[PDB]
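Step one of this worksheet: look at the structure below.
Here Cβ is always computed from backbone atoms with ideal geometry, including for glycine, and neighbour counts include all displayed protein chains. Throughout, read-outs are computed from the coordinates displayed, never taken from laboratory work.
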Amino acid sequence: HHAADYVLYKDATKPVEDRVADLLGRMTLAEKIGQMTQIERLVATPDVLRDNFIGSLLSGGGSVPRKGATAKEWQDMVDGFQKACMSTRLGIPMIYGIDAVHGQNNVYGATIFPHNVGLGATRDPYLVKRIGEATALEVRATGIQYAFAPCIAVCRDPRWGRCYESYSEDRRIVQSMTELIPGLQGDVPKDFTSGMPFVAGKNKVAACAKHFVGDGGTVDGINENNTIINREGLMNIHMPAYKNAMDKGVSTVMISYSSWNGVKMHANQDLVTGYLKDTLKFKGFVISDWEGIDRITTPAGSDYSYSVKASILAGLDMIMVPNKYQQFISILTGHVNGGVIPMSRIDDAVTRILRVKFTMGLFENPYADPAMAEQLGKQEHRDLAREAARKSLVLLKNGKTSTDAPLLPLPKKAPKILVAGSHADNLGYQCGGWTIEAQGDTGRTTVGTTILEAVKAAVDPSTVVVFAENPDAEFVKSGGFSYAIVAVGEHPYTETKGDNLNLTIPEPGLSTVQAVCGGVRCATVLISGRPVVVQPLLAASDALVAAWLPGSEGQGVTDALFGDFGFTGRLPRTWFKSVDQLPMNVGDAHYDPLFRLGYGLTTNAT
Ligand SMILES: *[C@@H]1O[C@H](CO)[C@@H](O)[C@H](O)[C@H]1NC(C)=O
Ligand SMILES: *[C@@H]1O[C@H](CO)[C@@H](O)[C@H](O)[C@H]1NC(C)=O
Ligand SMILES: *[C@@H]1O[C@H](CO)[C@@H](O)[C@H](O)[C@H]1NC(C)=O
Ligand SMILES: OC[C@H]1O[C@@H](O)[C@H](O)[C@@H](O)[C@@H]1O
């Protein structure tokens with residue numbers, strides 16, 4: 001279709017499948033295996049990207065051009081890598097991925113939304129869609145086109161260090177929150193075939209349903225472990241939301257480190273090819289987790305030749321190496337050259353990769369848009385996070401006895417109030433994991449409003465606010481306080497570091513609540529990724545709020561404390577009496593919760 005140097009794959013007016021086929025038929029083995037390779041920015045250089053025809057880059061947690069980098073610094077970095085990729089023979093653009101799992105959370109100044117467990121507490125799929133939308137804009141602010149989200153794990157045991165990344169122990173709630181997908185990617189058209197990939201264009205991002213499948217079903221919540229459940233329960237609990245994701249055009253699917261009845265997901269042909277591809281008709285690309293193929297073996301990495309064979313024969317399309325690309329490419333090339341992996345498998349992986357890239361407009365808009373940089377941390381997005389934080393809060397107690405005056409909502413005007421606790425003025429703790437680093441961090445790590453800052457922004461000008469992180473009982477009794485707001489809870493974590501068999505909050509936490517509430521009527525705000533042992537905190541407190549990990553916008557907390565809005569959140573998980581009960585889920589036979597799934601007290605706006 002027209003000039004003498006015409007190349008059909010480069011013609012934006014042509015159908016995606018025709019462009020895919022046209023380009024695939026021109027590629028060498030090296031160019032094909034390159035597409036299948038995703039590398040860390042930390043090992044990327046212009047020569048590495050060209051010489052190995054690399055398909056994809058990522059940032060792992062904390063993998064950033066520098067601390068405090070601006071949106072434009074990110075764009076410049078991503079465009080630098082893209083320029084190298086576009087200078088290859090075929091000029092296939094790379095796709096750049098990142099964990100934007102509660103906003104664009106590796107980036108300084110990005111809006112940080114509540115983590116998924118709190119979003120489950122909202123029962124508000126449209127709010128979740130709007131968070132997807134805003135997160136797409138903040139990702140594209142940084143020049144990035146691909147988010148490793150949503151995590152649609154169904155966490156069945158809160159001892160797991162990633163339980164906060166699950167919207168609920170109830171698969172129906174997780175299913176409902178797959179609205180994140182069309183928020184991130186755009187709505188699919190009226191005619192759409194379930195399982196096809198979709199992204200609307202340059203203001204949206206490719207999504208990723210992860211981690212397939214049963215990541216939240218592991219024994220005793222041990223991260224990356226074995227999920228022991230018959231096929232019926234796998235399909236009834238862990239699988240459903242993947243079909244909702246197919247229906248909404250999720251572009252990619254990431255494979256889990258976990259095993260199912262002793263078989264490593266990253267080696268499971270029956271589930272990855274037989275089920276996801278052949279039965280759900282998924283036509284986007286399947287990506288590994290980070291050194292996920294390595295972890296097929298014990299020790300991990302002890303037979304990388306086998307890792308490559310097993311994973312690629314199982315049906316994985318793109319491998320998150322993410323460092324040893326030379327070894328990955330060499331070993332895979334060897335296997336193809338020896339007939340151990342057929343060309344049909346290579347061509348399928350590359351067809352899927354290219355399909356997503358052409359569908360999302362990456363060949364038309366390979367570079368960043370500098371007018372998008374100002375989307376990062378935009379006040380309108382912060383307003384949305386603030387609404388989400390407030391809606392996520394679950395009020396568990398509001399009065400020690402049925403005849404007490406209800407403590408919440410608290411008055412904005414009082415002569416003197418106390419804000420206390422390790423979590424009252426600590427932005428990093430209120431954001432939790434996957435914020436600036438994977439494990440998260442402590443203190444003022446990004447731009448935001450702590451609980452203390454939000455209190456001061458909310459109260460009448462005549463109200464004196466005193467902060468004391470860990471006051472003793474006498475300080476409180478002597479201070480002339482009208483009431484106290486005390487905030488405590490878990491420290492930031494993710495993955496295996498978060499696995500925890502006792503689920504008791506660190507001290508001083510309870511001891512501060514006791515000292516404060518002992519002296520003055522108190523609202524306790526518990527910051528956690530999951531239910532934790534809570535009877536002792538309840539016994540001391542007039543009121544207590546499960547605030548989960550509400551993110552950067554602390555004013556969401558005070559919005560409900562001071563009665564600007566009423567409490568509406570409902571537990572998205574069972575609150576256990578003891579960890580000896582676990583696992584214990586709604587619908588179980590011996591169900592003896594401290595608070596059942598769906599529990600939540602309400603207030604009315606002042
Ligand atoms: C589960 O963890 C146990 C305890 O560390 C470990 O020995 C076992 O190999 C793990 N199993 C799987 C499938 O990952
Ligand atoms: C509970 O578990 C974590 C390790 O997972 C540990 O750091 C913490 O000290 C433990 N708490 C108690 C009460 O043993
Ligand atoms: C709030 O308003 C409702 C209905 O409009 C009322 O019936 C309810 O009891 C009120 N709730 C509280 C906690 O006062
Ligand atoms: O950061 C890249 C990846 O790291 C892995 O450890 C996690 O399991 C994934 O959820 C994440 O996308």
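Compute the separation of the alpha-carbon centres of segment 558-606 and segment 131-178 and state it in Å as a whole number.
20 Å
Considering only C-alpha atoms, what is the centroid distance from segment 391-446 to segment 268-298, in Å?
After rounding, the separation between the Cα centres reads 41 Å.
Quick one: what are the phi-derived ³J(HN,Hα) couplings along segment 457-468, Karplus 6.51/-1.76/1.60 with θ = phi - 60°, whole Hz, x for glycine and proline?
Couplings: 6, 9, 6, 3, x, 6, 7, 8, 9, 10, 9, 8 Hz.
Using a Förster distance of 30 angstrom, determine the FRET efficiency expected from the C-beta separation of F467 and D76, and round it to 0.05.
Working: r = 40 Å, r/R0 = 1.33.
It comes out at approximately 0.15.
I'd like the Karplus ³J(HN,Hα) series for segment 104-117: coefficients 6.51, -1.76, 1.60, θ = phi - 60°, whole numbers in Hz, and an x wherever there's a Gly or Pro.
Values, residue by residue: 7, 6, 6, 9, 4, x, 6, 4, 9, 7, x, 5, 3, 4 Hz.
Mean separation of Cα pairs under 8 Å and 6+ residues apart, divided by the residue count of segment 287-341: what relative contact order is that in percent? List each step's numbers first, then the result.
Working: 48 pairs, mean separation 21.7, N = 55.
Normalised by residue count, the contact order of segment 287-341 is 39 percent.
Going by how many other beta carbons lie within 10 Å of each one, how would you line up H335, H1, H381, fewest first? Numbers along the way, then the final one.
Numbers: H335 20, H1 7, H381 25.
Going from sparsest to densest Cβ surroundings: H1, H335, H381.
Report, in degrees rounded to the nearest 10, the 0 to 90 angle that the Cα long axis of helix 325-337 makes with the longest principal axis of the chain.
The angle comes out near 40 degrees.
Test of understanding: what is the full-extension gain from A405 to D5, defined as 0.36 nm times their sequence separation minus their Cα-Cα distance? Write down the numbers at each step before the final one.
Details: separation 400, 0.36 × 400 = 144.00 nm, distance 8.06 nm.
So the extension gain works out to 135.9 nm.
Can you pull the percent of Cα pairs in segment 378-563 with separation above 24 Å? Present the calculation step by step, with values, prior to reporting the outcome.
Details: 5662 of 17205 pairs.
Above the 24 Å cut-off, segment 378-563 has 33 percent of its Cα pairs.
Which of the peptides 383-392, 255-264, 301-310 is most tightly packed, and how do the rest follow, going by the mean number of other Cβ atoms within 10 Å of each residue?
383-392, 255-264, 301-310
What does the net charge come to around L601 if you take all other residues with beta carbon closer than 12 Å to its beta carbon, with K and R at +1 and D and E at -1? Could the numbers behind the result be given before it?
Working: positive: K397, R570; negative: none.
Net of charged neighbours comes to +2.
Label points 7 Å out from Cα along the Cβ direction at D369 and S194: separation in nm?
3.2 nm
Under the Cβ-under-4.7 Å rule, which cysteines of the chain stay unpaired?
For the chain, the answer is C85, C151, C208, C431, because their Cβ atoms have no other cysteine Cβ under 4.7 Å.
Scan around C151 for amide H atoms under 5 Å from its own, H built in the peptide plane at 1.01 Å from N, and keep only partners 5 or more places away or cross-chain.
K210
Using only helices, what value at 222 nm comes out for the chain when you add -39,500 (n - 2.57) per DSSP H run of length 4 or more and divide by the total residues, to the nearest 500 deg cm²/dmol?
-8500 deg cm²/dmol
Once you list every other residue whose beta carbon is under 13 Å from the beta carbon of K324, what net charge do they have if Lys and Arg are +1 and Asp and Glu are -1?
On the way: positive: none; negative: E40, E291, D294.
With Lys, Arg at +1 and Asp, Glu at -1, the net is -3.
Using 0.36 nm per residue of separation minus the Cα-Cα distance, give me the extension gain between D460 and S305 in nm, one decimal. Intermediate values should be presented prior to the final figure.
On the way: separation 155, 0.36 × 155 = 55.80 nm, distance 6.68 nm.
Full-extension gain reported as 49.1 nm.
Using only Cα atoms and rounding to the nearest 10 degrees, what angle (0 to 90) does helix 510-519 make with the longest principal axis of the chain?
It is inclined by approximately 30 degrees.
Hey, got a sec? Which trypsin sites (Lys or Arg not before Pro) in segment 394-439 land in a DSSP loop and have at most 12 other Cβ atoms within 10 Å?
On the way: sites: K397, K400, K412, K413, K416; in loops: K400, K412, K413.
Answer in residue order: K413.
Based only on other Cβ atoms within 10 Å, what is the fewest-to-most ordering of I353, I312?
If I rank by nearby Cβ atoms, fewest first, I get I312, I353.
Considering amide H positions built from the backbone, and no H for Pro or chain starts, which residues 5 or more places from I39, or on another chain, come under 5 Å of its amide H?
Here the answer is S56, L57, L58, since their amide H atoms fall under 5 Å of that of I39.
Rounded to whole Hz and in sequence order, give me ³J(HN,Hα) for segment 154-167 from the Karplus expression 6.51 cos²θ - 1.76 cosθ + 1.60, θ = phi - 60°, writing x for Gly and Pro.
Residue by residue, segment 154-167 yields 10, 6, 10, 8, x, 5, 5, x, 10, 4, 5, 7, 9, 5 Hz.
Ranked highest first by average number of other Cβ atoms within 10 Å, how do 417-425, 556-564 line up? Could you put the intermediate results ahead of the total?
Values: 417-425: 25.7, 556-564: 23.7.
Ranking, from highest mean packing down: 417-425, 556-564.
Based on the Cβ-Cβ distance from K497 to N203, what FRET efficiency comes out when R0 is 35 Å, to the nearest 0.05?
On the way: r = 35 Å, r/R0 = 1.01.
Plugging the Cβ-Cβ distance into 1/(1 + (r/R0)^6) gives 0.50.
Once you have the Cα-Cα distance between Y126 and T279, take 0.36 nm times their residue separation minus that, and quote the gain in nm to one decimal. Intermediate results must be reported in sequence, preceding the final value.
Details: separation 153, 0.36 × 153 = 55.08 nm, distance 2.89 nm.
Result for the pair: 52.2 nm of gain on full extension.
May I ask for the percentage of alpha-carbon pairs in segment 17-137 that lie more than 23 Å from each other? If you can, show how the numbers build up before the last one.
Working: 3246 of 7260 pairs.
Value for segment 17-137 (Cα pairs over 23 Å): 45 percent.
What percent of all Cα-Cα pairs in the chain falls in each 20 Å bin, counting up from 0?
21, 52, 23, 4, 0
Once the Cα atoms of helix 343-359 and of the chain are each reduced to a long axis, what angle between those two axes, in degrees from 0 to 90 to the nearest 10, is obtained?
Helix 343-359 sits at roughly 60 degrees to that axis.
Based on the mean of other beta carbon atoms within 10 Å per residue, what is the order of 568-578, 18-28, most packed first? Please list the in-between numbers first.
On the way: 568-578: 22.2, 18-28: 16.8.
The peptides rank, most packed first, as 568-578, 18-28.
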